[PDB]
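Peer 1: kindly generate the corresponding structure for this input.
(4 chains, ligands or ions: 8)
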Number of protein chains: 4
Amino acid sequence: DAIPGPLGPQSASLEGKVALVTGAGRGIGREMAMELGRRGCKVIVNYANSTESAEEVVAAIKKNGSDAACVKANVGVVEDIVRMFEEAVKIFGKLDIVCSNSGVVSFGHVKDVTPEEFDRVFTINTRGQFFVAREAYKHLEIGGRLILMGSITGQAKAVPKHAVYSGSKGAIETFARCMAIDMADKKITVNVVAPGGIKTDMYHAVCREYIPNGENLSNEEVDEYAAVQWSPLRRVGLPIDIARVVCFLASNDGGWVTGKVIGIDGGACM
Amino acid sequence: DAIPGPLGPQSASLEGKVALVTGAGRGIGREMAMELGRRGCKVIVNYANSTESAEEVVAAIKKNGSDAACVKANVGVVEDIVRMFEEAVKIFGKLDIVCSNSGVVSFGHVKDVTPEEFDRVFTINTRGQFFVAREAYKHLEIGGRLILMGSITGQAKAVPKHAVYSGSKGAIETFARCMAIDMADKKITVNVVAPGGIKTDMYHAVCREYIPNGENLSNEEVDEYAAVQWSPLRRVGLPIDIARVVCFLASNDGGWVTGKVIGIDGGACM
Amino acid sequence: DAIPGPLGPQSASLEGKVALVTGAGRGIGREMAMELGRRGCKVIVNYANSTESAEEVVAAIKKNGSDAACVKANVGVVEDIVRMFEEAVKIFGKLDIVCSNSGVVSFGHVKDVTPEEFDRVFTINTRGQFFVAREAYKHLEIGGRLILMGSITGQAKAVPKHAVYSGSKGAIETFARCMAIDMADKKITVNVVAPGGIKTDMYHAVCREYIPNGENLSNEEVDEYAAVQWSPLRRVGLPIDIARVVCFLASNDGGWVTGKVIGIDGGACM
Amino acid sequence: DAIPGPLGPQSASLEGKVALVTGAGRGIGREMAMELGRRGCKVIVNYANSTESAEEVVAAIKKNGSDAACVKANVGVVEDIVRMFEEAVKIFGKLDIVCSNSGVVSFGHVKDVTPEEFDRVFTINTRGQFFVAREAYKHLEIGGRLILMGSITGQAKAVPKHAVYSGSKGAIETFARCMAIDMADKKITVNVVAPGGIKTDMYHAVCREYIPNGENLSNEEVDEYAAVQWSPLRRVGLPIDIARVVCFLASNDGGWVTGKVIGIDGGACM
Ligand SMILES: NC(=O)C1=CN([C@@H]2O[C@H](COP(=O)(O)OP(=O)(O)OC[C@H]3O[C@@H](n4cnc5c(N)ncnc54)[C@H](OP(=O)(O)O)[C@@H]3O)[C@@H](O)[C@H]2O)C=CC1
Ligand SMILES: NC(=O)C1=CN([C@@H]2O[C@H](COP(=O)(O)OP(=O)(O)OC[C@H]3O[C@@H](n4cnc5c(N)ncnc54)[C@H](OP(=O)(O)O)[C@@H]3O)[C@@H](O)[C@H]2O)C=CC1
Ligand SMILES: NC(=O)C1=CN([C@@H]2O[C@H](COP(=O)(O)OP(=O)(O)OC[C@H]3O[C@@H](n4cnc5c(N)ncnc54)[C@H](OP(=O)(O)O)[C@@H]3O)[C@@H](O)[C@H]2O)C=CC1
Ligand SMILES: NC(=O)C1=CN([C@@H]2O[C@H](COP(=O)(O)OP(=O)(O)OC[C@H]3O[C@@H](n4cnc5c(N)ncnc54)[C@H](OP(=O)(O)O)[C@@H]3O)[C@@H](O)[C@H]2O)C=CC1
Ligand SMILES: Cc1cccc2sc3[nH+]ncn3c12
Ligand SMILES: Cc1cccc2sc3[nH+]ncn3c12
Ligand SMILES: Cc1cccc2sc3[nH+]ncn3c12
Ligand SMILES: Cc1cccc2sc3[nH+]ncn3c12
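Peer 2: Numbers count the residues shown, from 1 in each chain, chains lettered A, B, ... in the order given. Ligands and ions are numbered 1, 2, ... in the order given. Below is the structure:
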């Protein structure tokens, strides 16, 4: 049968692809846009509040040799998502890759979860991603790429006071399986990246909630724990670790990988 | 170490246990309450609309030798759930087992899902179960049992136009893992039963949506397909098939089974 | 459709069933035969070396009110398995349940595994179980039950120096999926129980190999670790914990549970 | 923290890496060596019987601009594996990547499996891979890559008469989890690629055994079935599909992916 795409290194090229990354002003998302751009991608950085950071990222991508632009939209508002895509398409003309990154964390024993906090998390983490995914489908080029952001907590077995957040990410893994069927009519592949503890603002904010008796841990102590307890490779994961895998899925190399959950932890067990 | 519970058949006894089953007026739930009662349980049948059916079930359980009562509550309304448990506890004095059964189906290509239909399904299937689970925790006896209703679609790989429903059930499997940690402080075990196509009203309504080119299938033809394509055991699953496993988890036998997903299909592959 | 089996507690009855348990002279297996007998089963206890213990168990089952007999066979020798079943059938006339329990542990960094030690473990743990399963098929009554012994290590993510043993148990989970299809022509259900640290001779021998820096731990200290680190339920698992689940699968209640892996840990994460 | 490796496309470069691929004279393996070479790798093609094909591949890689050499060894013989690595290291001086590809298929109802045919498959598929993995550890450069060959059958739910082969591949997934811990002391990442039906000699030989009533299917009919039934993407998988993912895992991009099973099917459900 016919070979799908070029043979050799040329199959990993993202040059000439237009990508949209939600929540790209900081954290993993910022690095996702940065790296995508470094591999020759035109990046559209979406943001909700971090305008400054957003703009800063856009400047950076250009400085690196790629074109970029930023769009504002609150993924928790379906109308904002609908608008974000209508503008996105006009900016560079087409849309090849979509990275649904935006998300929020939450901690608390089941007995203390309020309907307000449950809806807060699920609305961004689960509902937002579905509608971003829905719009991505409509605007993606035939053969496009949809990448959903999940988490190690979707399958973790030992994280206490973490049902709401874990459930929101767990549902994303199921979305991938089902969306991979529907979206295949446009040759779009759908996959879920499931990171496991990356140094970002979030990490700084809630890492201690994962460490048994960690209220006291100093920043370096947290990293020491993370590095040793969570990976045989003995090191803390960085956004670039996710960004690299995301580029693989987005390239020709990931053409036969669809409906899957790629766990990107250093071999962690949570 | 000390043996947990009696040795012998006495370990499967549900006699003297009070159970609450949501959506017990029909389908799998009705049979869940019926069977639980047959094993000596006092059943509280919850219902949303099927009052007649509800009452009918209560009469049946008594006729079989057990006490029962019914409570009305819409699981999509947190206040209703809160009330349902406050009344439940007063009826028979205590609450040992809770079976979160209620749920709704949905079909449609991703591109046609509306925010209204997404919220419709997630609100009952996922959000409702969380709050039923939350209240169950607060009112369950030390050593109680919480059983969540999932589905084969949470892990299925070939069902098209089924992302919303599949995602709502998928999140339930994650809830089980996390809730099993928090709720363990009261010795409560949390598990998810994941049926795979049971003859109920739902089955009559949407089975054809699972069968490639099944609009034409006659009722008997659907059952023939179900029996042959979905199980090496060559037969259609019945509510009693789930009801029996639910009794196992609810008994002393299921004391060391927690945080798990029990797939109850005839060895189906979807 | 027709209801499969009796409604009510009578569905959990094992009375009048003949079962064969391999490696039933001690550990989990001994308790499996004991409990099966307590629920009205005629047990055939197989053994390899523990004759004394074997006979002792047979005396016990009778003293409890059930008939039993013991057969000697080395599961690592296919001819022994073939013979064991030919004799087994003649003893009580038929064979309803088979519990493939026998197994051996092993520890060591990959770099130190010798072909001899690899074959030692795989020959009993994997190859033995396949041939026990093969013979069980041929001799089981239509509607019989085949239960394979697996382990938490089949899916564990953090146990070092444990590839050979973990791999032997992992393959058992796959055997269950496939055997459930072939063996279904005789209505036999095939399932895998996956315990997670049970107090038996094995536990006494190698538990410390699972505890980071545990050479020094005293017996009570090991149990303290096991109870706290491996279960939210805060207690060490006992053979009776597995024995109870095995009876469920062997009864009418487990009729619709086939091709599955039932994890029997206190919600452990390894 | 410090960024692991270069930022940008340079992270996907395999230039200057020495790789060893077992069973590289034909099928997926041949393409694995070819592609690895195209990305600037020095490939050592191992073979068992296909000398001609082996040599042909070596000529090809050189013609493409990379150096290659071939080594003969029967993975079912531990002494051969030990020798293969001692020679391998001397050829190009070092060893960065190892791809354990070699394998054999088998079909048959459980009841017809003979100890000879069970050992035949397990000895190459499971035992061989363990010892190849063991030797890879000893000779791999710090930061090396070990990639094990698995299959969709390790998790498949509907393939009949396939327990022996499925079990041999299933154990490989467990090996990955455990080996990822031990081998991490040398910064080596261990992962399992799990293809799902690739056009190779094997495919030509046994594809019909997967298709219900396929004895009659013509070659083109088989491909039609494969393309439609096994993938929403509607096409048959090719060796290049696996080869591309293998290059990702072998590069810097796969540095944080370890202890995982990458399913490389077109979203197949078996
Ligand atoms: N950090 C970690 O350890 C891991 C993170 N993840 C997931 O990866 C993703 C990113 O995490 P990380 O970078 O650490 O997070 P950060 O806390 O650093 O915040 C990342 C971003 O998400 C955005 N976001 C939040 N709400 C919205 C919204 N309403 N609309 C659009 N964007 C929004 C933020 O936008 P703005 O700032 O502009 O409001 C921001 O850009 C999340 O989905 C997270 O759950 C998964 C596993 C691990
Ligand atoms: N049938 C099947 O093949 C399978 C079913 N399931 C799950 O099992 C559960 C029961 O399914 P099944 O019996 O077939 O369903 P049915 O369609 O027969 O309806 C079952 C019940 O769910 C209830 N329900 C719906 N909304 C509410 C609500 N707002 N509050 C309280 N109860 C409500 C109904 O209550 P009322 O009628 O009183 O409004 C009813 O009692 C569901 O969660 C379903 O998703 C999972 C796998 C397979
Ligand atoms: N203990 C634990 O923590 C867990 C155990 N398991 C599995 O459960 C099973 C039983 O474990 P456990 O009771 O702890 O083990 P023990 O170490 O207590 O030994 C149990 C038995 O296995 C038998 N056995 C060994 N070789 C043979 C053989 N060649 N033929 C027949 N029988 C043989 C022994 O027979 P004899 O003494 O007569 O030679 C004995 O009867 C094993 O498969 C084990 O891997 C799984 C998870 C956890
Ligand atoms: N084809 C498919 O659909 C899929 C294949 N796989 C796996 O991928 C791998 C390759 O499959 P594929 O290329 O299709 O297979 P082929 O039938 O085309 O044969 C591939 C190779 O395996 C080799 N091999 C067999 N025995 C030995 C041995 N004793 N020592 C060294 N090498 C040996 C052959 O060597 P020689 O010819 O030199 O003897 C050959 O080089 C296998 O492990 C297979 O199980 C997994 C999923 C799907
Ligand atoms: C923020 C964080 C820190 C450490 C480990 C994890 S695992 C996960 N999943 N989402 C966030 N996280 C974290
Ligand atoms: C209603 C139904 C029919 C057939 C197969 C399935 S699998 C599933 N999950 N929820 C509902 N169903 C069905
Ligand atoms: C023998 C043992 C002790 C503690 C934990 C485990 S987990 C497992 N699997 N087989 C044996 N074991 C053990
Ligand atoms: C050889 C083959 C053909 C079709 C589908 C599969 S799935 C698998 N796993 N190993 C081999 N195969 C095949």
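
Peer 1: only C-alpha atoms for contact and neighbour calcs from this point on.
Peer 2: OK.

Peer 1: quickly run through the sheet partners of the helix or strand encompassing residue A:18, with directions.
Peer 2: Following DSSP states H and E, one finds residue A:18 within strand A:17-21. Within its sheet, strand A:17-21 is paired with strand A:41-47 (parallel), strand A:97-100 (parallel), according to DSSP bridges.

Peer 1: C-terminal to the longest one, what's the next element?
Peer 2: Using DSSP H and E, the helix or strand that directly follows strand A:41-47 along the chain is helix A:51-63.

Peer 1: and the contacts of that next one?
Peer 2: Identification of contacts with helix A:51-63 by C-alpha atoms under 8 Å, 6 or more residues apart in numbering or on different chains yields A:24-26, A:30, A:33-34, A:37-38, A:43, A:45-47, A:67-70.

Peer 1: between it and strand A:41-47, how big is the angle?
Peer 2: If you take axes from the mean of the first three to the mean of the last three C-alpha atoms, to 10 degrees, helix A:51-63 sits at 180 degrees to strand A:41-47.

Peer 1: and helix A:51-63, how far from the chain's centre?
Peer 2: Counting by C-alpha atoms, centre = their mean, to the nearest Å, helix A:51-63 is centred 18 Å from the centre of its parent chain.

Peer 1: tell me the buried residues in that helix?
Peer 2: A:54-55, A:57-58, A:60-62 (16 or more other C-alpha atoms under 10 Å in any protein chain shown).

Peer 1: quick one: is that helix near ligand 1?
Peer 2: No - judged by C-alpha under 6 Å from any ligand atom, helix A:51-63 stays clear of ligand 1, getting no closer than 6.7 Å.

Peer 1: please export the C-alpha coordinates of that helix as CSV.
Peer 2: Taking Å, rounded to 0.1, in the frame of the first residue of the first chain, the C-alpha atoms of helix A:51-63 are listed here in CSV:
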residue,chain,number,x,y,z
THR,A,51,-2.5,39.2,28.6
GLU,A,52,1.0,40.5,29.4
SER,A,53,2.4,37.0,29.5
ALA,A,54,0.5,36.2,26.4
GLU,A,55,2.0,39.1,24.4
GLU,A,56,5.4,38.2,25.8
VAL,A,57,5.1,34.7,24.4
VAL,A,58,4.0,36.0,21.0
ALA,A,59,7.1,38.3,20.9
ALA,A,60,9.3,35.3,21.7
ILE,A,61,8.0,33.0,19.0
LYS,A,62,8.6,35.7,16.4
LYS,A,63,12.0,36.4,17.8
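
Peer 1: for the next helix or strand after it, packing partners?
Peer 2: Using DSSP H and E, the helix or strand that follows helix A:51-63 in sequence is strand A:68-72. When contacts are defined as 3 or more C-alpha pairs under 8 Å, 6 or more residues apart in numbering or on different chains; DSSP states H and E, strand A:68-72 sits against strand A:41-47, helix A:51-63, helix A:78-92.

Peer 1: who does strand A:68-72 pair up with?
Peer 2: In its sheet, and by DSSP bridges, strand A:68-72 pairs with strand A:41-47 (parallel).

Peer 1: close to ligand 1: what parts of the stretch 51-200 of chain A are there?
Peer 2: Within the stretch 51-200 of chain A, the positions near ligand 1 by C-alpha under 6 Å from any ligand atom are A:74-76, A:101-104, A:124, A:149-151, A:195-200.

Peer 1: tally of neighbours for residue A:81?
Peer 2: When neighbours are counted by other C-alpha atoms under 10 Å in any protein chain shown, residue A:81 registers 23.

Peer 1: what of the one 3 residues further on?
Peer 2: Residue A:84 has 22 neighbours, counted by other C-alpha under 10 Å.

Peer 1: so it versus residue A:172, what's the distance?
Peer 2: 21 Å (C-alpha to C-alpha, to the nearest Å).

Peer 1: do residue A:58 as well
Peer 2: For residue A:58, the distance to residue A:172 - C-alpha to C-alpha - is 28 Å.

Peer 1: and the helices and strands packed on strand A:68-72: which comes nearest residue A:215?
Peer 2: Closest to residue A:215 of those is helix A:51-63 (C-alpha to C-alpha; 29.5 Å).

Peer 1: identify the residues contacting residue A:127.
Peer 2: Applying C-alpha under 8 Å, 6+ apart, the residues contacting residue A:127 are residue A:76.

Peer 1: now it, what's its secondary structure?
Peer 2: helix (DSSP: H, G, I helix; E, B strand; the rest coil).

Peer 1: how close does it sit to residue B:146?
Peer 2: The value you get for residue A:127 to residue B:146, if C-alpha to C-alpha is used, is 26 Å.

Peer 1: what does stretch A:196-215 rub up against?
Peer 2: A:27-28, A:105, A:107, A:151-153, A:159, A:217, A:222, A:225-226, A:236-239, A:263-266, A:268.

Peer 1: that one close to ligand 5?
Peer 2: Yes - using C-alpha under 6 Å from any ligand atom, stretch A:196-215 reaches ligand 5 at A:196-197, A:202-203, A:206-207.

Peer 1: just the contacts of helix A:51-63 now: which is nearest residue D:252?
Peer 2: Distance to residue D:252, by C-alpha to C-alpha, is smallest for residue A:38 among those, at 15.2 Å.

Peer 1: can you pull the residues of chain A lying near ligand 7?
Peer 2: So chain A never meets ligand 7 (C-alpha under 6 Å from any ligand atom).

Peer 1: near the nearest residue to residue A:11 once chain neighbours are set aside, how many other residues are there?
Peer 2: The spatial neighbour of residue A:11 that comes closest, neighbours along the chain excluded (C-alpha to C-alpha, 6 or more residues apart in numbering or on different chains), is residue A:252 at 5.2 Å. As a burial measure, residue A:252 scores 24 neighbours (other C-alpha under 10 Å).

Peer 1: about what we covered before: are any of the residues of stretch A:196-215 next to ligand 5 buried, and which?
Peer 2: Buried members of the residues of stretch A:196-215 next to ligand 5, scored by 16+ other C-alpha under 10 Å, are A:196-197, A:207.

Peer 1: can you list these in CSV and add secondary structure?
Peer 2: Below are these laid out as CSV (three-state DSSP):
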residue, secondary structure
A:196, coil
A:197, coil
A:207, helix
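
Peer 1: what about ligand 6: which of those residues touch it?
Peer 2: Of these, not one also sits near ligand 6 (C-alpha under 6 Å from any ligand atom).

Peer 1: what's the closest of the residues you listed to residue B:119?
Peer 2: residue A:196 (28.8 Å).

Peer 1: tally of neighbours for residue A:212?
Peer 2: The burial count for residue A:212: 9, using other C-alpha under 10 Å.

Peer 1: do you know how far it is from ligand 4?
Peer 2: 41 Å (C-alpha to the nearest ligand atom, to the nearest Å).

Peer 1: sec struct for that residue, please.
Peer 2: Assigned with three-state DSSP, residue A:212 falls in the coil class.

Peer 1: one step back: buried ones among the residues of the stretch 51-200 of chain A next to ligand 1?
Peer 2: Neighbour-count burial (16+ other C-alpha under 10 Å) applied to those gives A:74-76, A:101-103, A:124, A:149-151, A:195-200.

Peer 1: just the ones of these in strands?
Peer 2: In this view, those that belong to strands under DSSP state E are A:149, A:195.
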